[PDB]
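Everything on this sheet refers to the single structure shown next.
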Amino acid sequence: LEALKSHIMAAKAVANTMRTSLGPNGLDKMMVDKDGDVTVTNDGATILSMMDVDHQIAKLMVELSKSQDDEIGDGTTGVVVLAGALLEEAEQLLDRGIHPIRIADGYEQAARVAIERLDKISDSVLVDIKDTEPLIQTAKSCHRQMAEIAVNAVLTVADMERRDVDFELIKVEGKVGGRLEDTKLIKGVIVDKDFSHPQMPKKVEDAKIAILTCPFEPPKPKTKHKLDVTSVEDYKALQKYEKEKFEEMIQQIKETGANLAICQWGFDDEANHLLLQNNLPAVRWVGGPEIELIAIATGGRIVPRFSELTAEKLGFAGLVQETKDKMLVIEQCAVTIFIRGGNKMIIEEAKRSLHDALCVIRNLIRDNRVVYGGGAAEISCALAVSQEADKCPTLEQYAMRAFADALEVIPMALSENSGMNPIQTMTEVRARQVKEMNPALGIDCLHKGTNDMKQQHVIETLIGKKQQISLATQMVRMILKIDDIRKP
Amino acid sequence: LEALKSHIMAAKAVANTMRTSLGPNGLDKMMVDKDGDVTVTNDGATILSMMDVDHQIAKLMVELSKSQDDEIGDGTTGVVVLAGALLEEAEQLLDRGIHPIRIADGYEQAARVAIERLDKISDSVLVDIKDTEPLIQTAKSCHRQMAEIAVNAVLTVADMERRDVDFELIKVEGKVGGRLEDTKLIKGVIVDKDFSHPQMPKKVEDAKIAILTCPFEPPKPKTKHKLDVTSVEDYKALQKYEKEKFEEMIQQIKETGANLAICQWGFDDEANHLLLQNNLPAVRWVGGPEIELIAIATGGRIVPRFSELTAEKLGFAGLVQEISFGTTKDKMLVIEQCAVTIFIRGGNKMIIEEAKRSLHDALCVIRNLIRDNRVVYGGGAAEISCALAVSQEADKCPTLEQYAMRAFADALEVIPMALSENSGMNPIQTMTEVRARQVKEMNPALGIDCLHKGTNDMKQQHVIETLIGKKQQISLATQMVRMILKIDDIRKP
Amino acid sequence: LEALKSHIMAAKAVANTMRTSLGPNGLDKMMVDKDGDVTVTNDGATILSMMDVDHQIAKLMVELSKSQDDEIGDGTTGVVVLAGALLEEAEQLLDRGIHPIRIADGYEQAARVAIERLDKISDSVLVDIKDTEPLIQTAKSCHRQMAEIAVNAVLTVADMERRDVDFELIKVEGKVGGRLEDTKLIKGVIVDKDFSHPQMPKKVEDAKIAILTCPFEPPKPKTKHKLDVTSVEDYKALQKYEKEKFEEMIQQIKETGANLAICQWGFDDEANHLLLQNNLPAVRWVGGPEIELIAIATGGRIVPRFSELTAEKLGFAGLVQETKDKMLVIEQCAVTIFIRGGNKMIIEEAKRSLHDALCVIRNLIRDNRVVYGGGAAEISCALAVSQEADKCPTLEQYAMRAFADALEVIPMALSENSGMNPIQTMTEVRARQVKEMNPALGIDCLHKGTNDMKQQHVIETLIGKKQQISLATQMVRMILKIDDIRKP
Amino acid sequence: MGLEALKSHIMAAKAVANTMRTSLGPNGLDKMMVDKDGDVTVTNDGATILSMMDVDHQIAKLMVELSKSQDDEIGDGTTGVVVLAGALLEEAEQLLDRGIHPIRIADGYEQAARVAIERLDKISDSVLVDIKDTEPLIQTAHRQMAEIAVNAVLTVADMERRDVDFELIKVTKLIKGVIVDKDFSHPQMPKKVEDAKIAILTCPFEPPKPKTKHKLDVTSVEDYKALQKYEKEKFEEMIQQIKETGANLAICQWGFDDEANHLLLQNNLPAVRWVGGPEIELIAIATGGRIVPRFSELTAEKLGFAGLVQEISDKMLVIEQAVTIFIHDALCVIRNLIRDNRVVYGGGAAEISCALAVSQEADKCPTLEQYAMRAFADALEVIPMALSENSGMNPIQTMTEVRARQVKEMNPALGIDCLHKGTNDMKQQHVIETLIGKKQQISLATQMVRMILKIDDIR
Ligand SMILES: Nc1ncnc2c1ncn2[C@@H]1O[C@H](COP(=O)(O)OP(=O)(O)O)[C@@H](O)[C@H]1O
Ligand SMILES: Nc1ncnc2c1ncn2[C@@H]1O[C@H](COP(=O)(O)OP(=O)(O)O)[C@@H](O)[C@H]1O
Ligand SMILES: Nc1ncnc2c1ncn2[C@@H]1O[C@H](COP(=O)(O)OP(=O)(O)O)[C@@H](O)[C@H]1O
Ligand SMILES: Nc1ncnc2c1ncn2[C@@H]1O[C@H](COP(=O)(O)OP(=O)(O)O)[C@@H](O)[C@H]1O
Ligand SMILES: [Mg+2]
Ligand SMILES: [Mg+2]
Ligand SMILES: [Mg+2]
């Protein structure tokens, strides 16, 4: 049986590692690590992205933590903290003599209760005309225009009518240099890597693009091959040969519309020369990522060849201009935002913040409902779970109450990270929720305010919490049922 | 003799490992493998499929567990648990002074008794109209459409008139991403991979398929060559040659009907080039399986050549498509000459692999029912009544087989006991009370809830294990115990 | 002197290993072993076939155990058990002060006595019209038709007139799948490996076969060789060359009669193509074993060439047909039986049983005499040996009595394997043989019957026992004389 | 430890049971058994074995005195008690592993014991009393032994009724009372002490040394001879004290020696010396006589009324206020027959019929006690098996065939020959275990197993 307690202990370790980074006052960690740079961040989603590999059960949790929440929802730290708490209680319930399967079934019952109780606390947010602008400022002073950019980005490209699914279709590329919120919103894709030769004309109008992934030397189907190159004459004949078929690539592209092209893999030495004369010149190269962006945005049917391009495909951009990066306007349609800043730390922080923003909006587009955070929704869920537990017989009663006390960890953790007395403030808030009948208040947490939390606008959406609880109960289910730990 | 006790101890060790995974409340076993991912499942069939292969007796239990039950029936974990119990009892019989061959004889006779008793407990199930669907709910809250697609799958592909033996020509593919209720109704066979090339036609309709196991390169003498190209003109002569002989095979396929082709082995550098320019979207590349699927489904008469074919061979498919799931892509085709294949999108990566085994249980169950339509009620009930009959026959038998029969009777009762402990109930208390409620109520159905919700009657909850599942379970268990009870010295050079 | 006791001990070890697998209730062992499959069987003949190599003297026994009995007779387990017993007695006789050479000479005397006494117990079995059918059912419910198949197989192909020697000429090939005794008897050879291409016509009538072992590329007598393949023209000229000489193999075969051929070694890629057009197509390949079967059955003079075939040889089969194996009928003459079953364990068990059958019949054809088994013949032999020992003086007296007590191990072992008290039942049977004067009864052994053993039809033939005793005394002779154990 | 200490006690006790499992029945093994500087003692009958051996585990010592203080002091058969206890524990192990609580197993063993005990009433066979029959009934334990034992226990018995007595017997001739060795010391004394008042004194005979700084100093004749004379007079004090309360002979431990024994002759006080507990408490329980810790301070009262005391070449006393044999086994058996005159046939037969009863009654039982009773049946069946293997027969074979012949022939008698010569009927050979022997055996074994089952932790 102690195999279960080994799993429960190793998982509680991960939880205690992560519960210090919960909330706005969370901590950062270090991570590095492949002789490379460092990353200091809250938001456990990127914390789990590294996390040295040790115990098998811990990695079961690391896989399932990203599995749904980080990939679809937002809140990741909460999943692992809640899971660890549920395990902390399942320990003292296992000691009391209850069988694990009974613990898991009880946690299922309680989970369904809390989820069914998040709908009663829910609040609605409408779409299609701003109003989500003030809903984003919560996701992070500098928020007012960032919200504008976010909504304007997601609403322009979204299924929305109807289906209620986004695309993305959207990444972000920041330039070190500028000042904070001088960031700009665009309508089309933007890439780095310039024209490959300085003498090219900037500004290519109504451009017909040529997306190709091929090398530039004509190959031969593989035979024993070798060569002879006997007389110097044949040497010059060979040079002349591929020098001819370098043009066979140039005007062949120009027959289907030229302007500028786009190449992957290699771009030869004198190729840029022969391409400069014909006003074709492309770019090299940045593969798949940033290639498929231009593929979906304009045209484009990426061509793996090598002389087989016929249009048909490609097109149709209207502007391509600039000190090292080239950016393009007027597309066939596709948005990829742009960010200013300085010191390299003013950017990449706003990228994390933005990520939070886009995620929130997408979730609202799918289902537009919100519950109020700061542990308030957790507390009320615990009230309902405990209430249903008082009316339930047999052993699942105790497992349900354990679920309640486990949910009450989020207010406690939020309190610890801000320096408040955990159980004291947590208890006071639970009391103030029973009376007042206000499932909105709890954990300031910013040390400034009236604690109402309906103010301060702290929203955790709705699918975010239902996915957090569902994933947590799913994990704890596995960990409770895992034994033997085979492995070769 | 102690070699036998070593075998009995190791075998009971395997059994004790998997007696916690018995029933719906069974446990998981982490089970990582090689340099790859992990797999956590109940249903010992996969457990035995990997496990830790060490002792030759454990190897024997894997050998025979997959030999018959996993390949034909369904229940595997029960076989190893029952064999373990029979061994645990036969050990004390060894100590009692009984010869092993006599214990195996008694176990054989008792096994025949129980087997013959399952027929008396049997019940009938109708066929051909919506009657098996509600009885698939035992194999697994997504059941409502799972059972539906199950019966549809096995009834669409079956001998059925009559002979009542059919399997395979049906596979399952999970593409990972969605929720379990996103599972869809199915039509024809569906495979992965791609036609290659992005400029390919992504939807080829009314396709005549050409299935080939051949390389696409023009062959060479394979004598000892030193091919040395002299003049640059001969460089171009080489390129021209293979550029032409790659095409000599293209319109060779197009003269017998083209659309799209199908290739094993290599699809060369240019090749796909020359096939795009000639508008022949072939595909590459897949081994025996998934080749013979499209072979039997449409057409197809797999061609071992290589420029030699007349069609004839090509099949008649109505639609072939390429759909992109997330980033990666799989090409799936509909409207075949007929052959159906199921599809699952579960999400979370672990929500699938559950639906695959749970569905497999469905195909197996329905297949067994078509072969012989009879059911005994599960939850250990059939085991309890079988133990009752075995003890009854044992009280009236003299000499040494008497003791072996009683040991068999007590060994059957481990299934209700394991089912009891895995659900949190007192193992011997509930099992005993049920064994009394089966003689007093004369109802060979009730016993071990086991879901901790219900009337314990087991007539409701409709838990069915068919018949050949149980008959093969007991036959395989007694076969294992028979072999293990013999065998000494374990040479192992 | 203790070198002798080391040999005697190491040999007694092998004996004790084997005496549990004696009789119908014998045990199985495991064997495996080269990262391969397992084999669980009675009949020590296949047990000695593996048996890890340890002591030199043990391997002297393993070589001599197969030397004659398994290769010609049947009973192998009895040889090693009897040898071990003779050694067990030779130990206590060596301690008594008798020289080994005297022990061996006494064992010779006693062996000659017992052998000379097996003729008095002998019984005759006639040949040429069934009657051997009920003689086979003893060799293993399912026996009635198997006996039919066995006699019908051996009598059709045997010298028999006269010479009294078989051939074999006969193997067995079973197909997993079927039901038990649905096995069939044929008149001709049968092989696997199909026609090598599906488009061939099944059923090749009055076929003229072409048995060849050669590769298909024309070689050159070895010189420094190399090549040049300069111009593409010469490349195509080379391809054309061997493409021509591939036909030079085809119609060359068709000139001497074609139908189907048979090839060993490799069969090239496009060779099956060029052979499909000309209605020649052969098979690849399964070497010597199953090749020489068709050689002796039809024709065939296996040709190692490579263009030198002229007929003369080859011929003359009448049918070749079928889901993976091809079988042929109507030959020039040659029998190889066929077996149904299921689970892979229903077959290969009947193969072992069959092996026993064929061996018995062959032995009867050589010399048609039988003694009754179950240890009865052993007991009576012990009675005669002890009787001659009471009238013999000097030291060989004790060695002879030791031979008697050593023969009496077979009834004891047979008793142990069935669970009876060894010395009690053995003694009772010896008594019941002295009175009643019936050298037929002893050791049930099936726990069901009247113990008469003239019933139950338990026959061990005659050469089987005389060879068992001769081989046993031969072994014990060596082991008794071996000393020094040189070795590099 | 908490629980595994239970399995440890099972192992430790069944170790003892397996030690003495070979010494059961007539073909038992003798066990060398020396003792320190002592000699060899080779016998069956574990009764004397349990006295020896060693204190290994406190449960192994708990096996003793439960198998001794009762069955050796009440019944006769000791080895069966420990063998049975070991078997019961062995099956209780399988019941423990099955998930059954220990106290439930102990209770089940109690109820099963009730079934078996109450049977023995049904298997029983009565024997007549008051003459003969008992004599030919003793040849089991060569002719006169029956007679002398019969009349010896006949002379000392309650008989009307309650039927109990022991211990007035110990150790070929007949006997008139209890007898002692040694002499009255100094044969000039009278050998005819008839109508003797015995003065039982376990004490020294010395001048009462005062308590003060002592160190005597003496100079030859004057003081020395006065010292000898002094303690001789002080000896006459005790002499004249014993004659004032009572008369004639006395009995003394410790020292006499010196002249001393001379003086008592001149005063006609033929005492005896010297012996410890035995032969002191023997004549104490026989005649009179209590015990005096003094040393001249007593009232009588105490003295015994022995009628005759004589000396023959060992002095013996007759007619006591008690008869003892002169040259074990049947003497206890007869006592049991005096208590209850019924017998059941032995050789494991009573165990087999009891097992058939406990199992027949166990088939109809709810809850867990079912398995406990069945285990009890399989426990009683170890006596026929052990009996079988000790003679060389196949254990389970002979045992099973007999258990079948008992229900088919309806004969709670036949089973285990065992001497390899007989008709197996057990009616002949006249092998009888009485009733109190078996009933006490089962009660004691079950008491043991229950005790061990309750115990846990225990240091
Ligand atoms: N202004 C705020 N006041 C109180 N709590 C907050 C506030 N903003 C965020 N939180 C809390 O922080 C918790 C976790 O968010 P975060 O630390 O970003 O990690 P994750 O989003 O991965 O859980 C949420 O449960 C939320 O209640
Ligand atoms: N709803 C149920 N109630 C009671 N027992 C069940 C139920 N479903 C399955 N079982 C039991 O589970 C046992 C084994 O099934 P499982 O644990 O899936 O492995 P396997 O099928 O390989 O033996 C069966 O003997 C059956 O009696
Ligand atoms: N039906 C039978 N009853 C009694 N003994 C038998 C019977 N069949 C075979 N045997 C005995 O089995 C012995 C050995 O046969 P087997 O175990 O096959 O090994 P091997 O033939 O190599 O000695 C023979 O000596 C024979 O007496
Ligand atoms: N003649 C006999 N035949 C069969 N069994 C006997 C015979 N005499 C004694 N026994 C058995 O021996 C058993 C034990 O006696 P024993 O070994 O002397 O030691 P104890 O009497 O102390 O147990 C008794 O249970 C009795 O049944
Ligand atoms: Mg957050
Ligand atoms: Mg299952
Ligand atoms: Mg044989």
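Letters for chains follow the order of the structure tokens (A, B, ...), residue numbers begin at 1 for each chain, and ligand numbers begin at 1 in the order shown.
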Hey, what's within 10 Å of residue A:168 if we count only C-alpha atoms and toss same-chain stuff fewer than 4 positions away? As a compact mmCIF listing (two decimals) with N, CA and C atoms, in the first residue's frame, please?
# COMPACT_ATOMS: atom_id res chain seq x y z
N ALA A 153 -7.86 42.12 -32.09
CA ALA A 153 -7.13 41.05 -32.76
C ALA A 153 -7.97 39.78 -32.86
N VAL A 154 -8.61 39.37 -31.76
CA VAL A 154 -9.31 38.09 -31.75
C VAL A 154 -10.63 38.18 -32.50
N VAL A 157 -10.30 37.96 -36.49
CA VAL A 157 -10.11 36.58 -36.92
C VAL A 157 -10.68 35.67 -35.84
N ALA A 158 -11.89 35.17 -36.09
CA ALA A 158 -12.53 34.16 -35.27
C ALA A 158 -13.70 33.61 -36.07
N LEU A 293 2.65 30.89 -41.78
CA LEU A 293 1.91 32.13 -41.57
C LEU A 293 1.62 32.83 -42.89
N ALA A 334 -5.84 37.45 -40.55
CA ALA A 334 -4.41 37.21 -40.46
C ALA A 334 -3.70 38.37 -39.76
N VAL A 335 -3.51 38.27 -38.44
CA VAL A 335 -2.95 39.35 -37.64
C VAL A 335 -1.84 38.79 -36.75
N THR A 336 -0.73 39.53 -36.65
CA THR A 336 0.38 39.17 -35.77
C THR A 336 0.93 40.45 -35.17
N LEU A 358 -5.38 37.01 -24.71
CA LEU A 358 -5.96 36.27 -25.83
C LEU A 358 -6.69 35.02 -25.34
Can you build me a table of chain B residues sitting at most 8 Å from chain C, with the closest atom pair per residue and its distance in Å to one decimal, using only C-alpha atoms, sorted by chain and residue number, as JSON lines?
{"residue": "B:67", "atom": "CA", "partner": "C:343", "partner_atom": "CA", "distance": 7.3}
{"residue": "B:68", "atom": "CA", "partner": "C:343", "partner_atom": "CA", "distance": 7.4}
{"residue": "B:99", "atom": "CA", "partner": "C:419", "partner_atom": "CA", "distance": 5.7}
{"residue": "B:101", "atom": "CA", "partner": "C:25", "partner_atom": "CA", "distance": 7.2}
{"residue": "B:220", "atom": "CA", "partner": "C:239", "partner_atom": "CA", "distance": 6.5}
{"residue": "B:221", "atom": "CA", "partner": "C:239", "partner_atom": "CA", "distance": 5.3}
{"residue": "B:224", "atom": "CA", "partner": "C:226", "partner_atom": "CA", "distance": 6.7}
{"residue": "B:225", "atom": "CA", "partner": "C:227", "partner_atom": "CA", "distance": 5.7}
{"residue": "B:226", "atom": "CA", "partner": "C:228", "partner_atom": "CA", "distance": 5.3}
{"residue": "B:227", "atom": "CA", "partner": "C:229", "partner_atom": "CA", "distance": 4.7}
{"residue": "B:228", "atom": "CA", "partner": "C:230", "partner_atom": "CA", "distance": 5.1}
{"residue": "B:229", "atom": "CA", "partner": "C:230", "partner_atom": "CA", "distance": 5.7}
{"residue": "B:230", "atom": "CA", "partner": "C:230", "partner_atom": "CA", "distance": 6.3}
{"residue": "B:234", "atom": "CA", "partner": "C:231", "partner_atom": "CA", "distance": 6.5}
{"residue": "B:237", "atom": "CA", "partner": "C:232", "partner_atom": "CA", "distance": 6.7}
{"residue": "B:238", "atom": "CA", "partner": "C:232", "partner_atom": "CA", "distance": 6.1}
{"residue": "B:304", "atom": "CA", "partner": "C:197", "partner_atom": "CA", "distance": 7.7}
{"residue": "B:305", "atom": "CA", "partner": "C:273", "partner_atom": "CA", "distance": 7.6}
{"residue": "B:308", "atom": "CA", "partner": "C:273", "partner_atom": "CA", "distance": 7.8}
{"residue": "B:486", "atom": "CA", "partner": "C:27", "partner_atom": "CA", "distance": 5.6}
{"residue": "B:487", "atom": "CA", "partner": "C:28", "partner_atom": "CA", "distance": 4.6}
{"residue": "B:488", "atom": "CA", "partner": "C:29", "partner_atom": "CA", "distance": 5.1}
{"residue": "B:489", "atom": "CA", "partner": "C:29", "partner_atom": "CA", "distance": 5.7}
{"residue": "B:490", "atom": "CA", "partner": "C:30", "partner_atom": "CA", "distance": 5.0}
{"residue": "B:491", "atom": "CA", "partner": "C:31", "partner_atom": "CA", "distance": 5.0}
{"residue": "B:492", "atom": "CA", "partner": "C:31", "partner_atom": "CA", "distance": 5.1}
{"residue": "B:493", "atom": "CA", "partner": "C:52", "partner_atom": "CA", "distance": 4.7}
Serialized selection, N, CA, C and O atoms, as a compact mmCIF listing (two decimals), in the first residue's frame:
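Dumped to out_36.txt:
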# COMPACT_ATOMS: atom_id res chain seq x y z
N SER B 67 -2.41 -17.04 -25.74
CA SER B 67 -2.59 -18.10 -26.73
C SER B 67 -4.05 -18.25 -27.12
O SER B 67 -4.38 -18.35 -28.31
N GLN B 68 -4.95 -18.27 -26.14
CA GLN B 68 -6.36 -18.51 -26.39
C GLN B 68 -7.25 -17.35 -25.98
O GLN B 68 -8.03 -16.86 -26.80
N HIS B 99 0.16 -36.73 -4.47
CA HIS B 99 1.02 -36.63 -5.63
C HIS B 99 0.49 -35.56 -6.58
O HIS B 99 -0.73 -35.39 -6.70
N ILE B 101 0.27 -35.36 -9.88
CA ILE B 101 -0.56 -35.86 -10.97
C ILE B 101 -1.99 -36.11 -10.49
O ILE B 101 -2.95 -35.91 -11.24
N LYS B 220 19.02 -1.56 -61.69
CA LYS B 220 20.38 -1.63 -62.21
C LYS B 220 20.82 -3.09 -62.24
O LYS B 220 20.23 -3.94 -61.56
N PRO B 221 21.84 -3.43 -63.04
CA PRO B 221 22.25 -4.84 -63.13
C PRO B 221 22.68 -5.46 -61.81
O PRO B 221 22.62 -6.69 -61.67
N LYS B 224 29.09 -5.77 -60.37
CA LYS B 224 30.06 -4.88 -59.72
C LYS B 224 30.34 -3.72 -60.66
O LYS B 224 31.15 -3.83 -61.58
N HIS B 225 29.68 -2.59 -60.41
CA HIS B 225 29.80 -1.41 -61.25
C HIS B 225 30.83 -0.43 -60.70
O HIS B 225 31.05 -0.34 -59.49
N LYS B 226 31.45 0.31 -61.61
CA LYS B 226 32.08 1.59 -61.32
C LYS B 226 31.54 2.55 -62.37
O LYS B 226 32.16 2.76 -63.41
N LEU B 227 30.36 3.10 -62.12
CA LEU B 227 29.74 4.01 -63.07
C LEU B 227 30.48 5.34 -63.00
O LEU B 227 30.46 6.01 -61.96
N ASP B 228 31.17 5.70 -64.08
CA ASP B 228 31.93 6.95 -64.16
C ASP B 228 31.41 7.75 -65.35
O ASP B 228 31.58 7.33 -66.50
N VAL B 229 30.80 8.89 -65.08
CA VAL B 229 30.25 9.75 -66.12
C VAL B 229 31.37 10.63 -66.66
O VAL B 229 31.98 11.40 -65.91
N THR B 230 31.64 10.51 -67.96
CA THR B 230 32.72 11.28 -68.57
C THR B 230 32.29 12.71 -68.84
O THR B 230 32.28 13.55 -67.92
N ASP B 234 27.30 13.65 -70.94
CA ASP B 234 26.84 12.38 -70.41
C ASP B 234 26.18 12.53 -69.05
O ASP B 234 25.33 11.71 -68.68
N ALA B 237 22.97 13.21 -70.16
CA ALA B 237 22.44 11.96 -70.70
C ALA B 237 21.90 11.06 -69.60
O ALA B 237 20.84 10.45 -69.75
N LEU B 238 22.63 10.96 -68.49
CA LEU B 238 22.14 10.20 -67.35
C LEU B 238 20.82 10.78 -66.85
O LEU B 238 19.80 10.08 -66.81
N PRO B 304 2.99 -7.10 -57.44
CA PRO B 304 4.41 -7.08 -57.07
C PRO B 304 5.29 -6.33 -58.06
O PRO B 304 6.49 -6.17 -57.79
N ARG B 305 4.74 -5.88 -59.18
CA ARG B 305 5.45 -5.06 -60.16
C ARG B 305 4.89 -3.64 -60.15
O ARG B 305 3.70 -3.46 -59.84
N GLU B 308 4.37 -3.81 -64.57
CA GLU B 308 3.57 -4.94 -65.04
C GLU B 308 2.24 -4.94 -64.29
O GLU B 308 2.21 -5.24 -63.09
N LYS B 486 2.82 -30.11 -13.20
CA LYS B 486 3.90 -30.96 -13.68
C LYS B 486 5.17 -30.12 -13.76
O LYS B 486 5.30 -29.16 -13.00
N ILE B 487 6.08 -30.46 -14.67
CA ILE B 487 7.26 -29.65 -14.95
C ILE B 487 8.14 -29.49 -13.72
O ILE B 487 7.82 -28.74 -12.79
N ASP B 488 9.27 -30.18 -13.71
CA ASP B 488 10.28 -29.98 -12.68
C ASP B 488 11.62 -29.77 -13.37
O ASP B 488 11.74 -29.87 -14.60
N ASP B 489 12.62 -29.43 -12.55
CA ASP B 489 14.02 -29.27 -12.95
C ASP B 489 14.32 -27.94 -13.65
O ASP B 489 15.42 -27.40 -13.47
N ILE B 490 13.35 -27.39 -14.39
CA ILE B 490 13.48 -26.17 -15.19
C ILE B 490 14.90 -25.99 -15.71
O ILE B 490 15.66 -25.15 -15.20
N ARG B 491 15.26 -26.77 -16.73
CA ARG B 491 16.63 -26.84 -17.22
C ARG B 491 17.23 -25.46 -17.44
O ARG B 491 18.10 -25.04 -16.67
N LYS B 492 16.77 -24.76 -18.47
CA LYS B 492 17.24 -23.42 -18.79
C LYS B 492 18.75 -23.38 -19.01
O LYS B 492 19.47 -22.77 -18.22
N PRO B 493 19.28 -24.04 -20.07
CA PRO B 493 20.71 -23.97 -20.37
C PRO B 493 21.21 -22.54 -20.57
O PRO B 493 21.24 -22.07 -21.71
Residue neighbourhood stretch 372-379 of chain D, 6 Å, only C-alpha atoms, exclusion window fewer than 4 positions, as an MDAnalysis selection string: chainID D and resid 87:88 91 105 108 112 355 358:359 362
Set the cut-off to 8 Å, count only C-alpha atoms and all ligand atoms, and list whatever residues fall near ligand 2 as a PyMOL selection string. chain B and resi 21-26+42-45+74-79+138-140+377-381+415+419+448-451+458+461-463+465
Expected answer as an MDAnalysis selection string: chain D residues within 12 Å of chain B, only C-alpha atoms: chainID D and resid 90:91 94:101 359:360 363:371 378 381:382 385:386 389 393:405 407:408
Which residues sit within 6 Å of ligand 1, counting only C-alpha atoms and all ligand atoms, listed as a ChimeraX atom specification? /A:22-24,43-45,74-78,373-375,444-446,458
Please return, as number ranges by chain, all residues of stretch 216-449 of chain B that DSSP assigns to strand (DSSP E) on the basis of the backbone. B: 261-263, 319-324, 329-334, 342-344, 374-375
6 Å contact set for stretch 174-178 of chain A, only C-alpha atoms, chain neighbours under 4 positions out, as a list in words: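 Surrounding residues, per the criterion: residues 338, 339, 340, 341, 342 and 344 of chain A.
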Give me a file of those residues, with N, CA and C atoms, as an mmCIF file, in the first residue's frame.
data_model
loop_
_atom_site.group_PDB
_atom_site.id
_atom_site.type_symbol
_atom_site.label_atom_id
_atom_site.label_comp_id
_atom_site.auth_asym_id
_atom_site.auth_seq_id
_atom_site.Cartn_x
_atom_site.Cartn_y
_atom_site.Cartn_z
ATOM 1 N N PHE A 338 2.610 43.581 -32.772
ATOM 2 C CA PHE A 338 3.955 44.140 -32.700
ATOM 3 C C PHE A 338 4.093 44.896 -31.384
ATOM 4 N N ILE A 339 5.262 44.803 -30.746
ATOM 5 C CA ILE A 339 5.451 45.310 -29.387
ATOM 6 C C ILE A 339 6.757 46.094 -29.284
ATOM 7 N N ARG A 340 6.693 47.274 -28.658
ATOM 8 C CA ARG A 340 7.859 48.081 -28.327
ATOM 9 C C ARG A 340 8.309 47.815 -26.890
ATOM 10 N N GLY A 341 9.371 48.499 -26.485
ATOM 11 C CA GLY A 341 9.857 48.384 -25.119
ATOM 12 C C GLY A 341 11.336 48.730 -25.039
ATOM 13 N N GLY A 342 11.995 48.131 -24.056
ATOM 14 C CA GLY A 342 13.416 48.339 -23.858
ATOM 15 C C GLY A 342 13.933 47.419 -22.777
ATOM 16 N N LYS A 344 14.870 44.572 -22.922
ATOM 17 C CA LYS A 344 14.530 43.184 -23.238
ATOM 18 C C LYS A 344 13.593 42.593 -22.189
#
note - atom CA of residue A:345 and atom CA of residue A:327 are separated by 23.5 Å
Of C:430, C:366, C:355, C:486, the one nearest to ligand 7 when counting only C-alpha atoms and all ligand atoms is C:355
Using only C-alpha atoms and all ligand atoms, what are the residues with an atom within 7 Å of ligand 4, set out as a ChimeraX atom specification? /D:23-26,28,44-47,76-80,346-348,416-419,429,431
Find the spatial neighbours of residue B:153, counting only C-alpha atoms, within a cut-off of 10 Å - ignore same-chain residues fewer than 5 positions away - and output them as an MDAnalysis selection string. chainID B and resid 147:148 158 170 185:187 339:342 362:363 366
